[PDB]
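I have placed the structure first, in the form of structure tokens, so that the comments after it can refer back to it.
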Ligand SMILES: *[C@@H]1O[C@H](CO[C@@H]2O[C@@H](C)[C@@H](O)[C@@H](O)[C@@H]2O)[C@@H](O[C@@H]2O[C@H](CO)[C@@H](O)[C@H](O)[C@H]2NC(C)=O)[C@H](O)[C@H]1NC(C)=O
């Protein structure tokens, strides 16, 4: 019922700026204070920001590394929470979640890569036998969120880490045991508002 | 929904030791006269007392000429945060933090410094304000 | 700024053993501590909040304890699903700080792979490329030797293999071997097989097709 969705991630050039978003659904945004939490690609989690409720005058709390560079703001009318990231540096490259209070409910994530390269949107090729899967090739930068929307019960989704750094390929598998259904659909999302779909109908 | 027992809040977040001092008693009482949670020796409140505090939150400064009557014992009102925190000074003391739906009351006695009872009570209220309570 | 030190940094135990991740703080956080579990490629989940109160749908084997600056989380009779990274966060004062994290590798009984091979797609073939993918799933341990055989001979040039973390149900590992190639090379050869041996008494699990 409750769901937290983020968008706006991608690849940013240094001395650039960025504004992330968090869409709230399933709870009263006005009664809950919202946080932003960042996990470096390989390193652990870190707390970057927090904004309080209207009862507490919307006090904004920031961490030291982002204190003079970041900015958090919320519009409870449209039920959204934003984070403005300015003067982007290489260290800021991390995975960003929007977290409600203690962390009862989290978001999927959006990553920021502060590199001088140019984004290359991925290519989704379905893979079926002569279990199914989806092949996502030659994208930059990470990550790619691959989700399996299926019409079968007991659908299993295993995601494989990306191979290669300069250019990236990844795979995903769906394993269904003893289920009668036809629609197996994979939806891959690249950080800067990229959405693509493939479908594998069973005969 | 909260799997957190309100009695777990008062025992582990309110009556904990800070600088070698404790709170005498503490209780979570709603904006309705009913108490949501409490400690063992906390007084038996009355209906008019809660209404008097709640009216002080809606209009800051209307409980100072009369005083803060908690458990029948009158406390001088050292009102701090307008509509957020009300304090008291019998000799002992008391601090009340207004949440969105309830009040957090902690009674401090010597040698507990009043700032200790305030930091403890104010942190629990903000915890509940940011959680919808 | 109350900073938190977390340990053990890396823990390995068998199924059923008792393990404790301890979290310490720079100052008293007054039981405002949360414990998170993060499986790889997934968002973190709340096991225990406010030091001892378990969240909704959290197994009873997870234990929250402590006061002051010394906190801990206990996992008695660890199950396959309890793998992952465990982080602790305090909520007494900003900066709400995390710990290092604990990678808990839950050793389990030996599972057997299921190898699946998938011909190059019609979209990839059209796009002048071809990649035979081979999914080896549901195996433990992760020590597995993946090799690719075409027309009787072995090529390990364009083999791209990625290992994955354990599965919640049975703590089963997974690997994905992709062989990137041009359509010309794939159209030239005929027999495409995938071979990998792992605790199968050197009986290789082979999955082959014909172009
Ligand atoms: C295959 O299914 C997807 C999604 O189906 C959903 O999956 C179930 C879990 C359940 O929630 C169903 O009621 C849903 O329909 C279809 O993808 C969507 O299709 C609609 C219209 O067809 C479109 O408006 C959406 O944008 C699509 N969303 C995504 C993420 O693709 C898809 O059409 C189905 N394919 C076939 C061949 O039936």
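Numbering starts at 1 and runs along the chain as it is shown here.
Cβ atoms here come from the backbone N, Cα and C positions, even for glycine.
Per the PDB entry, the feature expression tag maps to B:1-3.
Swiss-Prot lists B:16-B:117 with the feature disulfide bond, giving similarity to another entry as the kind of evidence. Residues annotated as phosphothreonine in Swiss-Prot: B:113.
Sorted by the number of other CB atoms within 10 A, the disulfide-bonded residues B:16, B:117 start with B:16, the lowest. Applying an 8 A CB threshold to same-chain residues 6+ apart, the list for the residue listed as 'phosphothreonine' reads B:19, B:21.
The secondary structure of residue B:117 (disulfide bond), as reduced to three states from DSSP, is helical. For the expression tag (B:1-3), the number of residues in each DSSP class (helix H, G, I; strand E, B; coil) is 0 helix, 0 strand, 3 coil. Candidate recorded positions B:16, B:113, B:117 yield B:16 as lying near chain C, with Cβ-Cβ distance under 8 angstroms. Annotation note: residue B:16 (disulfide bond) sits in a coil segment as assigned by DSSP.
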